[PDB]
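All remarks here apply to the structure that follows.
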Amino acid sequence: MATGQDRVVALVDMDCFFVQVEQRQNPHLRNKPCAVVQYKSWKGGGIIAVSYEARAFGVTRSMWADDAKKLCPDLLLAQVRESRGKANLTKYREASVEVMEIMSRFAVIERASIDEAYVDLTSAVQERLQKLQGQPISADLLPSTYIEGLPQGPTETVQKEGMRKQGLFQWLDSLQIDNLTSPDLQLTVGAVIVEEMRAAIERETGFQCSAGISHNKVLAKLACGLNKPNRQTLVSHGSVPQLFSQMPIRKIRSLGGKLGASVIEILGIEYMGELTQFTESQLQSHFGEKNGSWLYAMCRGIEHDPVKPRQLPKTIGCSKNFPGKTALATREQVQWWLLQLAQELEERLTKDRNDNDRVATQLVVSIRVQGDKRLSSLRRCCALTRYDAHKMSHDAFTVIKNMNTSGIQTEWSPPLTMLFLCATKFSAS
DNA sequence: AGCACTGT
DNA sequence: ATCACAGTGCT
Ligand SMILES: Nc1nc2c(ncn2[C@H]2C[C@H](O)[C@@H](COP(=O)(O)NP(=O)(O)OP(=O)(O)O)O2)c(=O)[nH]1
Ligand SMILES: [Mg+2]
Ligand SMILES: [Mg+2]
């Protein structure tokens, strides 16, 4: 804990998740360059998930499918289901629940996104350590594990699986010889458990995933990306100095945006490791007490954000953009789409209440007007008393109708480029 | 409470 | 003209 080695934390991330879901359903897509796309009409659809075969051609997320086909002519495409005029992600939310439920059998999980979850293995590691007590850890228990930073020094060596094994052997040889620390043993056992977790996910869903194992959430997530796909990486406390010495600051979670850019600009540094030069007080003065404290500890491999026990989303939301000439202008238009959104929301809320024994109590309504730089022009709350689509849509209209700045009966102005309904403030029931 | 930021 | 979500922190 003084060196931030009290916990064993893992981050599991499903490999090209939406693709895997579609590839499981359509075997003709397996082991092929493939992507998942929503809305075929505009340039073949926007790509939101890309198999690794397709990545090898340069296909990326946030790319029009027509442009993707220019890079990858044999690219196959699965379409997001469309329901009530909009993209419907239910299939991937259900697939995500399959996975989370398996992970819960092993430990406390924090659902971080639709396709990844943090795991706190600290207690499971102790449990496992007293079983087989004193018995050595065989390389056969870690068949897909990389040890970041290894192999090193002097004493297969040209291909990747050979590299992995050498690094693992070096790690395990130093373990059983007492040349490593107690937290290093714990991470190793954590990694044995994460192998079993990943094998169970694949056996029971067909989905492959990658994992990071380390002492905190940031290092776990960083480690998870070092060896994708279908592999897991152990980032020990001792590997942090070399790992961070050339790690771009933007690669650390929460520094990929404006804050990270201002750390680079204000301090004149490029890599996470350079942050160790500064005093905590110096970092607090530039970035605030909380950010400074977090940065001072994080650049040394230390962070204390806990794995929250939260397997379910906190909100259930429903949105649609209306770009360009499709922006909503008549009142009958806003009311029709508000109803479409409200109807999908009701279905999902009803399923939620039956599955998870809880009810939302607040309806958040957000819109965007044509010509606003910000992603949201107005957010407004109202009570959510019944799971009734028509009420929610009327209430959503009631709380935005004052945005219309026009006189004509059947006209809305300025036109709306975005509607968003969100149920929140869940309570047991 | 409304908003900005950050992430998948 | 990507888009559809979702969580956290500030004031
Ligand atoms: N609509 C939309 N969906 C997204 C976006 N980013 C991700 N998703 C959806 C699609 C993704 O399938 C899922 C998980 O996102 P990741 O873990 O960041 N990428 P993946 O799991 O696909 O591949 P790997 O993890 O091996 O890099 O969330 C986005 O910008 N937009
Ligand atoms: Mg993923
Ligand atoms: Mg992910």
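Every chain is numbered from 1 and lettered A, B, ... according to where its sequence line falls, protein lines coming before strand lines. Just so you know, these numbers use all the heavy atoms, side chains as well, and skip hydrogens, waters and symmetry mates.
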Exercise for the section: Look at the aromatic rings of A:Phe17 and A:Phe207 and report parallel, tilted or perpendicular, splitting at 30° and 60°. Expected result: perpendicular
Practice task
Mind checking A:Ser62 for me? I need base, sugar-phosphate or nothing, with any heavy atom below 4.0 Å counting as a touch.
Solution key: base
Handout entry: Residue A:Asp66 excluded, over 12 heavy atoms near CG under 6.0 Å
Key = yes
Exercise for the section: Indicate whether any N or O donor in one side chain lies under 3.5 Å from an N or O acceptor in the other, for A:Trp412 and A:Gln333. Expected result: no
Exercise for the section: Pick base, sugar-phosphate or nothing for A:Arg250, based on heavy-atom distances below 4.0 Å to the nucleic acid. Expected result: nothing
Exercise for the section: Could you state the atom-to-atom distance from CZ of A:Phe420 to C1' of C:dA4 in whole Å? Expected result: 9 Å
Practice task
Rounded off to whole Å, could you give me the CZ-to-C1' distance for the A:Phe287 and C:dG9 pair?
Solution key: 17 Å
Fill in the blank from the handout: Which of A:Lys308, A:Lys217, A:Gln311 passes side chain to side chain donor-acceptor pair (under 3.5 Å) with A:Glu110? It is A:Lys217
Practice task
Take the protein atom CG of A:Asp305 and the nucleotide atom P of C:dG9, then report the distance between them rounded to whole Å.
Solution key: 7 Å
Handout entry: N/O (side chain, A:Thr315) to phosphate O (OP1/OP2, C:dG7) under 4.0 Å
Key = yes
Handout entry: Which nucleotide in C:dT8, C:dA6, C:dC5 has an atom nearest any side-chain atom of A:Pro313
Key = C:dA6
Exercise for the section: Assign A:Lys43 to base, sugar-phosphate, or nothing according to its heavy-atom contacts below 4.0 angstrom with the strands shown. Expected result: nothing
Problem - Any side-chain heavy-atom pair of A:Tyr296 and A:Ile302 under 4.5 Å - result: no
Exercise for the section: Please list, by residue number, the residues of residues 44-57 of chain A whose heavy atoms come closer than 4.0 Å to an atom of DNA chain C; answer none if no residue qualifies. Expected result: A:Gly46, A:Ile47, A:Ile48
Problem - Spacing of A:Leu255 atom CG relative to B:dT6 atom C1', expressed in whole Å - result: 10 Å
Exercise for the section: Compare side-chain N and O positions of A:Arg368 against OP1 and OP2 of C:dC3 and report whether any pair is under 4.0 Å apart. Expected result: no
Practice task
Grab the NZ-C1' distance between A:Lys251 and B:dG7 for me, whole Å please.
Solution key: 14 Å
Practice task
Map A:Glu110 and A:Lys320 onto DNA chain C by nearest heavy atom, then report which one ends up closer to the 5' terminus.
Solution key: A:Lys320
Practice task
Using the six-membered ring of A:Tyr146, assess whether NZ or CZ of A:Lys165 lies under 6.0 Å from its centre and within 45 degrees of the ring axis.
Solution key: no
Exercise for the section: Among the candidates C:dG7, B:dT8, C:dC5, find the nucleotide nearest to the side-chain atoms of A:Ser319. Expected result: C:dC5
Fill in the blank from the handout: Per atom distances to the A:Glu344 side chain, the nearest of C:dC5, B:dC5, C:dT2 is C:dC5
Problem - Per A:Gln38 side chain, nearest of listed nucleotides C:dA4, C:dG7, B:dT8 - result: C:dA4
Practice task
When you get a sec, tell me which of B:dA1, C:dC5, C:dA1 is the closest nucleotide to the side chain of A:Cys318?
Solution key: C:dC5
Exercise for the section: Looking at every strand, decide which applies to A:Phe17 at a 4.0 Å heavy-atom threshold: base, sugar-phosphate, or nothing. Expected result: nothing
Practice task
Would you check if A:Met197 and A:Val119 make a side-chain contact, meaning some heavy-atom pair closer than 4.5 Å?
Solution key: yes
